[PDB]
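For the record, the sequence lines run as chains A and A'. A prime marks a further copy of an entry chain.
Start counting the first sequence at 1; every next residue gets the next number (PDB author numbering).
Start counting the second sequence at 1; every next residue gets the next number (PDB author numbering).
We treat Cβ as the ideally placed atom computed from N, Cα and C, and that holds for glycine.
What follows is a single structure, written as structure tokens, with notes after it.
2 protein chains.
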Amino acid sequence: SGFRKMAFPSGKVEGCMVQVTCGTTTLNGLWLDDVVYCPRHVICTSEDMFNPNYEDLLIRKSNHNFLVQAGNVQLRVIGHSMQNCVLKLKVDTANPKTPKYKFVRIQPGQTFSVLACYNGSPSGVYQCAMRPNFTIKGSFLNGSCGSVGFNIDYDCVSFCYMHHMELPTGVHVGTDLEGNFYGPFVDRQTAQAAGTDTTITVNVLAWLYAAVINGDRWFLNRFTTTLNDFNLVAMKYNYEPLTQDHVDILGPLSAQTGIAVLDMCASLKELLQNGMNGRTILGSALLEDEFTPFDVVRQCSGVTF
Amino acid sequence: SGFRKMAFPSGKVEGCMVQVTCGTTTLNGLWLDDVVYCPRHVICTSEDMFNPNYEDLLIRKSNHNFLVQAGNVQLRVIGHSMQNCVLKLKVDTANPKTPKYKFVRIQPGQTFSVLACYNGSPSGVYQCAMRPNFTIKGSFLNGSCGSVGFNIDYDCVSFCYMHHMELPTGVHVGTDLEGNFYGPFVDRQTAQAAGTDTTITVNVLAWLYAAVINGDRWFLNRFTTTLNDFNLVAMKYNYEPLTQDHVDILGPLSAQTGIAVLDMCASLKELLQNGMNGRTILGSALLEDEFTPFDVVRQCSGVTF
Numbered sequence: 001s002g003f004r005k006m007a008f009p010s011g012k013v014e015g016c017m018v019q020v021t022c023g024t025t026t027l028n029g030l031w032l033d034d035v036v037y038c039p040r041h042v043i044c045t046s047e048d049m050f051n052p053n054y055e056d057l058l059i060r061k062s063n064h065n066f067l068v069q070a071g072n073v074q075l076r077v078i079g080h081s082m083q084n085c086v087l088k089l090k091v092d093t094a095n096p097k098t099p100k101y102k103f104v105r106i107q108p109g110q111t112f113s114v115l116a117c118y119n120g121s122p123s124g125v126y127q128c129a130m131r132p133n134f135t136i137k138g139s140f141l142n143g144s145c146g147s148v149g150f151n152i153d154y155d156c157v158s159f160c161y162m163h164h165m166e167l168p169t170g171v172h173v174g175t176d177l178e179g180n181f182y183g184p185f186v187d188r189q190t191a192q193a194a195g196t197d198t199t200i201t202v203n204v205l206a207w208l209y210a211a212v213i214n215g216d217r218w219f220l221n222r223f224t225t226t227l228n229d230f231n232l233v234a235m236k237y238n239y240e241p242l243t244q245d246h247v248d249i250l251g252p253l254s255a256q257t258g259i260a261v262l263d264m265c266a267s268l269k270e271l272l273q274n275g276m277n278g279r280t281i282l283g284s285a286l287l288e289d290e291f292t293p294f295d296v297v298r299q300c301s302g303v304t305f
Numbered sequence: 001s002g003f004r005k006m007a008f009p010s011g012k013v014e015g016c017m018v019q020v021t022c023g024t025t026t027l028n029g030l031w032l033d034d035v036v037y038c039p040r041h042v043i044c045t046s047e048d049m050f051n052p053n054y055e056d057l058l059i060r061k062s063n064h065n066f067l068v069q070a071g072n073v074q075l076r077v078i079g080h081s082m083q084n085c086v087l088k089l090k091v092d093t094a095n096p097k098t099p100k101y102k103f104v105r106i107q108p109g110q111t112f113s114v115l116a117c118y119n120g121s122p123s124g125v126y127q128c129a130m131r132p133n134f135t136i137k138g139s140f141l142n143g144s145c146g147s148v149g150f151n152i153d154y155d156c157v158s159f160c161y162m163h164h165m166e167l168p169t170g171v172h173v174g175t176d177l178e179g180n181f182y183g184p185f186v187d188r189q190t191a192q193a194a195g196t197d198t199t200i201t202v203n204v205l206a207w208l209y210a211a212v213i214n215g216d217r218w219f220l221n222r223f224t225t226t227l228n229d230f231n232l233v234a235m236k237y238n239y240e241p242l243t244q245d246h247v248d249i250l251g252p253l254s255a256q257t258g259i260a261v262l263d264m265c266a267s268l269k270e271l272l273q274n275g276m277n278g279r280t281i282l283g284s285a286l287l288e289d290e291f292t293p294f295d296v297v298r299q300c301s302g303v304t305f
């Protein structure tokens, strides 16, 4: 037993990380088959980031201006193209460590692991959620751009995120692997600010199920509620409205524990209205929202890859 | 910026994980060079765990009774020995993926990453601390025994933990890679209970430094304190006494931020006596103690491996 914020094993992604240098800018790239994906702002200095015209800046870049290094060995760039906000650098060697993979555009509220990297080298791994305002709360220093987020199902890596920017608020924005930003954000150093950081209600409920499975039960009460009544409280607390689809998604956890979904909603309603009274749940003094219902089942049943 | 509980990249350890089956018991082993390390209780059924005589139970095991599988390929066991609470299974093939490595016995308060595995296959990775009562708060289901904890320095994996048992309280105990338990625990299903779960004071202070570096500063106050005065409060709150060695270890973080160690101790004293008043620090509503001073510098300076 025990429940921890757990990232996927990162070995399959470590083997895909490269360093991409263009002029004086170095960030990370993702090498899959004979293509390296990286943020298009690798072509920019920090001064260019205030109002870049990427098509114009790219005119002055040729294949040989993109230096790509896998460990200590140089790859040969034989073509390049801009797709949305990423560059695709065609190299002459397919990555021998390419895993089975897919590119997926995740929905807000879903979770993924991030392999934070610098100069093409892995630093660490941690689990994130795509927030309802389309930011993530990561750990990214200068040079971490191009680090990726992913999920693994058995032997297949589903890449869902590439890091591009930090906002002045200290939160993080980026694209899918087709280069389309999550949310309204752009790869320019501007006044762009995140909206309300709403709480992912279905995930909180999943984590309360995880708590019950792992022995934390003090918050179970004698009440029930309805979706409409619960949502009147969710709105007050800046929680996402809970839908019938969410109830359905909690079905397996409800069956495993014998606690009806709406009974758990009534427990959450009380926790929102009365606080935790100095108590903890699964070692946390706040209501955790970065575990999906699938994450909870995965960890509680020991799924491997 | 941003500060997250971050595990080491796990690829180097993933390549060392194997499945070890003896009779009807299957757990994980660690394959380094031509040796596989695993918990000696692989020789036990759950019924044997109440009062095992491991030397007697081992008499009835031969090399061929230990089935070792690396992925889908079987390794050949050519010798076995018991060292403390681990078995060393000599195999006829050195692991081609063996990293540079060391075995280290960590001190209470130090942190490490755990690669949780089942049937020799990785499930996930997360960061733990060796608690002052010599337990860890992990995520381990049946079959996770033999999963290991480690640190990485550049290219060298320092293995420090192997998982053996879960106590009835739901906390986790295990050995170093020489097979010696951390703390007073034994590999028997008995009444053994953990002592007081004291808070790792130096780590809390390190995390408060990390908070200041990353913009959370509301808890900085106008007070200072002394080691002896602070420790009168630490004792009340079941915090480890802070020593001069701890002050020295916080020196680099103190220099980076310009906040004297004893000034940060005064901030912590106020947080202990008055609580957080519903506020948060680095996304937590409790005082986090599983980041060492080294961990904070590592993450804030982007150290890679």
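query	result
According to DSSP, simplified to helix, strand and coil, what is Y209/A'?	helix
Look at the alpha carbon of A255/A' and the alpha carbon of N228/A', and state the distance between them as a whole number of angstroms.	22 Å
Can you check which of these residues, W207/A, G251/A and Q244/A, is closest to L286/A by C-alpha distance?	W207/A
Is it the case that the region 101-115 of chain A contacts the region 268-288 of chain A, given that we only count it when at least three CB pairs across the two stretches are under 8 Å?	no
Give the DSSP-derived three-state secondary structure of residue 306/A in the structure shown.	Any answer about residue 306/A is impossible in this case: the structure gives chain A only from 1 up to 305.
Mind reading off the beta-carbon distance from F150/A' to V13/A'? Whole number of angstroms is fine, and I expect it under 8 Å.	6 Å
What are the residues that DSSP puts in a beta bridge with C22/A?	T25/A and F66/A
By the 10 Å Cβ neighbour count, where 16 or more other Cβ atoms means buried, how is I78/A' classified, buried or exposed?	exposed
Going by beta-carbon coordinates alone, are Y37/A and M82/A separated by less than 8 Å?	no
Does the count of Cβ pairs from the region 232-241 of chain A' and the region 169-180 of chain A' closer than 8 Å reach three?	no
State the DSSP-derived secondary structure class of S113/A, mapped to helix, strand or coil.	strand
Please decide whether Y126/A counts as near chain A', where near means a Cβ-Cβ distance under 8 Å.	yes
Pick out whichever of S301/A, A260/A and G11/A has its Cα sitting closest to the Cα of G124/A.	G11/A
Would you say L141/A lies against chain A' (beta-carbon separation less than 8 Å)?	yes
Mind checking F223/A: buried by the 16 CB within 10 Å criterion, or exposed?	exposed
In three-state terms, what does DSSP make of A266/A'?	helix
Check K100/A in the structure and name its three-state DSSP category.	strand
Which of helix, strand or coil does DSSP assign to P39/A?	strand
Note the first and the last residue of the continuous alpha helix (DSSP H) segment covering residue 307/A'.	Outside the shown range of chain A' (1 to 305) lies residue 307/A', about which nothing can therefore be said.
Using the DSSP secondary-structure output, state which residues sit across from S121/A' in a beta bridge.	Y118/A'
Can you tell me whether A94/A is buried or exposed? The criterion is at least 16 other CB atoms within 10 Å of its CB, across all chains shown.	exposed
Can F103/A and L177/A be called in contact, C-beta distance under 8 Å?	yes
How is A94/A classed by DSSP in three states: helix, strand or coil?	coil
Spell out a yes or no on whether the region 185-192 of chain A and the region 261-279 of chain A are touching, meaning 3 or more CB-CB pairs, one atom from each, closer than 8 Å.	no
With distances taken Cα to Cα, identify the nearest neighbour of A266/A among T292/A, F305/A, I249/A and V204/A.	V204/A
Closer than 8 Å, Cβ to any Cβ of chain A': which residues of the region 200-221 of chain A, in chain order?	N214 and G215
Please list the terminal residues of the continuous beta strand (DSSP E) segment that includes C156/A.	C156 to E166
Based on the DSSP secondary-structure assignment, which residues constitute the bridge partners of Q127/A?	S113/A
Please classify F159/A' as buried or exposed, where buried requires at least 16 neighbouring CB atoms within 10 angstroms.	buried
Taking a Cβ distance cut-off of 8 Å, strictly less, list which residues of the region 14-38 of chain A are near chain C, in chain order.	As a matter of chain content, chain C is missing from the structure shown, whose protein chains are A and A'.
Between the Cα of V148/A' and those of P241/A', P39/A' and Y237/A', spot the shortest distance and give me the residue it belongs to.	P39/A'
Tell me the residue span of the alpha helix (DSSP H) that contains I78/A.	Taken as a continuous stretch (DSSP letters only), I78/A belongs to no alpha helix (DSSP H), being part of the beta strand (DSSP E) at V77 to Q83.
Start and end of the beta strand (DSSP E) containing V148/A?	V148 to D153
Tell me where the alpha helix (DSSP H) around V13/A' begins and ends.	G11 to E14
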